[PDB]
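Novice: Pasting an experimental structure with its sequence.
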Amino acid sequence: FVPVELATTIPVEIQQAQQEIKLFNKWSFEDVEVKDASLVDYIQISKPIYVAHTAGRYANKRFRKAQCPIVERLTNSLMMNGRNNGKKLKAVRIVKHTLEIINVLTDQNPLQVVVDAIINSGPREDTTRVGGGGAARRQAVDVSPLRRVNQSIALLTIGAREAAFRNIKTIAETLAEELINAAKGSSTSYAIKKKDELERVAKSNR
Amino acid sequence: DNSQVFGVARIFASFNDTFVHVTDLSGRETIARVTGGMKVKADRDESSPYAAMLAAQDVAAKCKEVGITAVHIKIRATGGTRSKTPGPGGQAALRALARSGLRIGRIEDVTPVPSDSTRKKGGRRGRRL
Amino acid sequence: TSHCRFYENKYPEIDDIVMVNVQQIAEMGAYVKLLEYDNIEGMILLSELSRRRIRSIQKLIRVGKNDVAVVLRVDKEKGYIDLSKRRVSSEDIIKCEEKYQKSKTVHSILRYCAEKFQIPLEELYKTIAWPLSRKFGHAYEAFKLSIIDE
Amino acid sequence: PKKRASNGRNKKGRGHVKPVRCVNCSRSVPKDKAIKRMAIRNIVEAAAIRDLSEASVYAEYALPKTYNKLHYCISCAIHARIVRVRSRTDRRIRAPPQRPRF
Amino acid sequence: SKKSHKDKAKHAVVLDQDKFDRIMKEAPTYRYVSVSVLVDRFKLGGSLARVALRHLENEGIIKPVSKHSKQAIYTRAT
Amino acid sequence: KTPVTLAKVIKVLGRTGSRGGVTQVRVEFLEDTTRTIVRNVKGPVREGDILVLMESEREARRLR
RNA sequence: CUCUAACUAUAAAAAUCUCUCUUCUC
Ligand SMILES: [Mg+2]
Ligand SMILES: [Mg+2]
Ligand SMILES: [Mg+2]
Ligand SMILES: [Mg+2]
Ligand SMILES: [Zn+2]
């Protein structure tokens, strides 16, 4: 489909008609929908990218952190444990594998799956340290949408890591199965389990 | 006069464990005494506005069940010798009774004010928290 | 193979008093197992932990021991328990301590029974313990009358 | 040293005044050194008037106000921020705080 | 600390002919196939998990989706 | 009975709390353009976000 | 050179303290 001759031969799938930017030349951001009306404008699927790693100034300002592609935030949040703080290449490989797994499990183009998992696992009510010293209490507070996104990412990656620790299963696949559980209300997911626990503590302490 | 069968909610709002108690016009016939400490667990939060909404919503449900549709309000603090000031919660109960279906009219305060008697509890130097 | 809860329904009930074995404490208390009902876990929350002020979190919990408990709202969809420790009446603790030990002995006997017969506890409690609890209100009184009357 | 020329009492020519109990801690204080506030408020808070306004019989109801003085012992008056600890030359200013809104 | 895991072998170190039958008719009905899953079904120890999985790529029983190391991702011939 | 409602913040009423990490805002509901309510929020918000409120009428106050 | 309208809502507990005190004249 319209290949261009040059001195250097770019491969088939890279050169064919790729004015249709894809995540890893595989998964498209088109058709990806945001279910909850709130967290739109807090996830950047509108912006297409060819890799999940773009080192840009995304933390100098108050809110430019939201312009980050959601997949890159997930990547950057995979690397925990201190020892593995850097090595983004490792994180991007793991997330690429996990996208492939989601492509396997329930074909549903994986980006929609991860976005839905992000939306679902957000805790809409949190608690706050309010009780003064003597009669300590737990106050119930509403939560920021951006904080819901960030919290969802953190709980997902924490569940993935704790599933992978000293475990034969790998990080890529544990993350994948957690995302699958989180797309629906599968409470088997650790992330949604913690989200439920937090919601319940907030509710019981209205 | 479109057949609004009337009631009086008579919220008694203290500085702890407020009350909502809907009764007939004469006040002789109670409907859903259900109170603030009915639906909260802390026993410190009995005065909290959330207790007010919970008590108010359930007594409103009982109100619809029985048939009462319109309500007059007798807001009452502890009154007497104690603090003369409406309880923090009862206002939230008023708001909830306004919200949940019930028609409201003729707001009144009936806090019992004494004519200077029955020496207030506490001694001369009073509470010394 | 320990399973098959002590009373009629698997999930706790309204304003019921139980006892808990505690294992783990994260931030807001301890979501830890039951041994009065099946083996499910439950939240003990710090604002509702002890009569005195909560000065220490390690002393009053005693991971791996038996403790009083009351359930407020039973999650009869998935198996969650909201549980309390402070609001149990002083006379209520001891009478539940009975009920709890009452329940434990029947299981202690029927455990030995299952392990020697390799039949899962569920069938034994289905066949024996439940009709006894229905007939005499307690399987312990049924066992005592079994000793006396065949 | 005499802290206040007006002696901080406002009795000045009465011998003795009947005592009045504090509203918070119930400490009895002379009815003149008895810092006192007109607690006039609408029976409903302005934040919740609208719910009342459009969900009530008797179109354009009065929505009355509740009236009462509050009498504090000066200890409560200071701690509950009713009265501040002012400065020296600013003590002899007795005009209320410039009519809070005008 | 104490070896309170109470874990047996929980895998298979050397296969059986019956185990080979298991894996052969097992490629169908498992749409996601990885060395992790193969160990997860108690049937492969893991050292030979990759060995067996690569063997499944003899008749094209399971095509690769991504043949990177550190894992193996495959899906049945359909 | 899951009345998950949405409220777009129309104005931010300062930051409160002993920690100082909570922010009170005035939010106008996405539906029912009439109603506004003041509520607490944890985490950064700016003029235009959409708070997901489980509960609607629990109008919290300034918190110490 | 004409005027007098708004308003909220906290308190748990915290005892004691060994020295060593030293100039201003151009
Ligand atoms: Mg004091
Ligand atoms: Mg004279
Ligand atoms: Mg004075
Ligand atoms: Mg001493
Ligand atoms: Zn006082």
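Specialist: Done, it's in. Residues are numbered from 1 along each chain as shown, chains lettered A, B, ... in the order given. Ligands and ions are numbered 1, 2, ... in the order given.
Novice: What parts of chain B come near RNA strand G?
Specialist: B:88, B:129 (Cβ under 7 Å from any atom of the strand). To be clear about C-beta, it is placed using only N, CA and C from the backbone, and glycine gets the same treatment.
Novice: Against residue A:133, how distant is the closest residue to RNA strand G within chain B?
Specialist: Using Cβ to the nearest atom of the strand, the single residue of chain B nearest to RNA strand G is residue B:129, 5.2 Å away. Relative to residue A:133, residue B:129 is positioned 15 Å away (Cβ to Cβ, to the nearest Å).
Novice: Next: residue E:1.
Specialist: Counting by Cβ to Cβ - residue E:1 and residue A:133 are separated by 37 Å.
Novice: of those two, who's got more company?
Specialist: residue A:133 (6 against 3; other Cβ atoms under 10 Å in any protein chain shown).
Novice: got the CA positions of stretch D:94-101 in CSV?
Specialist: Written as CSV, here are the backbone C-alpha positions of stretch D:94-101 (Å, rounded to 0.1, in the frame of the first residue of the first chain):
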residue,chain,number,x,y,z
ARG,D,94,-15.0,51.4,72.6
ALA,D,95,-16.7,51.6,69.2
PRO,D,96,-17.7,48.2,67.9
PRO,D,97,-15.6,46.8,65.1
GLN,D,98,-16.8,49.4,62.5
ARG,D,99,-20.2,47.8,61.9
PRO,D,100,-18.8,44.6,60.4
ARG,D,101,-20.5,45.1,57.0
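Novice: max-length helix in chain E?
Specialist: helix E:17-26 (DSSP state H).
Novice: So which bits of the very next helix or strand once past it are buried?
Specialist: Tracing the chain C-terminally past helix E:17-26 and defining elements by DSSP states H and E, one meets helix E:35-40 next. Of the residues in helix E:35-40, E:35, E:36, E:37, E:38, E:39 count as buried by neighbour count, 16 or more other Cβ atoms under 10 Å in any protein chain shown.
Novice: Stretch A:163-171 too?
Specialist: So stretch A:163-171, judged by 16+ other Cβ under 10 Å, has buried residues A:163, A:164, A:170, A:171.
Novice: Stretch C:89-97 now?
Specialist: residue C:96.
Novice: In space, what's closest to the residue most central in space within chain C - neighbours in sequence excluded?
Specialist: What sits nearest the mean C-alpha location of chain C, by Cα atoms, centre = their mean, is residue C:36, with 1.4 Å. Spatial nearest neighbour of residue C:36, excluding adjacent residues (Cβ to Cβ, 6 or more residues apart in numbering or on different chains): residue C:18 at 4.0 Å.
Novice: Verify the stated contact: that neighbour with residue C:97.
Specialist: No - with contact defined as Cβ atoms under 8 Å, residue C:18 does not reach residue C:97; the gap is 10.9 Å.
Novice: Strands along the chain, start to end?
Specialist: Using chain A. Along chain A, counting by DSSP state E, strands occupy A:125-129, A:138-143.
Novice: let's do chain F instead
Specialist: So, for chain F - with DSSP E - the strands run F:5-16, F:22-29, F:36-42, F:50-53.
Novice: Now tabulate those in a markdown table and tack on mean neighbour count.
Specialist: What follows is the strands of chain F, written out as a markdown table (neighbours: other Cβ atoms under 10 Å in any protein chain shown):
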| stretch | mean neighbour count |
| --- | --- |
| strand F:5-16 | 15 |
| strand F:22-29 | 20 |
| strand F:36-42 | 20 |
| strand F:50-53 | 22 |
